[PDB]
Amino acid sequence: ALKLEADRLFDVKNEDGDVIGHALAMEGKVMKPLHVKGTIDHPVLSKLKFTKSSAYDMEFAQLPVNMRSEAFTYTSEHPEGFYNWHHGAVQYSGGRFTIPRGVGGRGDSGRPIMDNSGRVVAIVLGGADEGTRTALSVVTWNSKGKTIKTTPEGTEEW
């Protein structure tokens, strides 16, 4: 098994170039957290017209007809249990996505949370530490395609 995958996740860098977040190709759009102020490290995508959505901390542009195939697929069905992401397992329980305390932070915004079949279940924006864990502030859509934004008490944007 070699992890040969398309180009879907892109870096968003700051003025000096630090990676402060992530942008993703999904369901025909390039999307990144609105609070993430930087540029998308991509010669084509950094030149697109991004539409803003303050209510959900989302910014998005339409994917170039070409790239539209190199993208993630969303899913609105998330039974409880364990999910995958860049740093490991993500536990979904009580309608909340949690990761161990001291794992998430700056740079992790824009990152997706996947299921085993490789579908996106959510997009990380920030987290609120609660005891031994951290409750994530994510964006998720429902079965009727409606965007929903869950933000725990005292969530710090990553």
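From 1 onward, residues are counted along the sequence shown.
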Exercise. Which is higher in the entry, the mean Cα B factor of 94-102 or that of 120-128?
Worked result: 94-102
For this session: Mind pulling up the entry and telling me whether 8-16 or 133-141 has the higher mean Cα temperature factor?
Result: 8-16
Exercise. From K37, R68, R111, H42, can you pick the one with the highest C-alpha B factor in the entry?
Worked result: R68
Seminar exercise, completed: On the chain's distribution of Cα B-factors, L48 falls within the third called highest
For this session: Just say lowest, middle or highest third for the CA B-factor of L63 relative to the other modelled residues in its chain.
Result: highest
Exercise. By the record's CA B-factor, is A55 among the lowest, middle or highest third of residues in the chain?
Worked result: highest
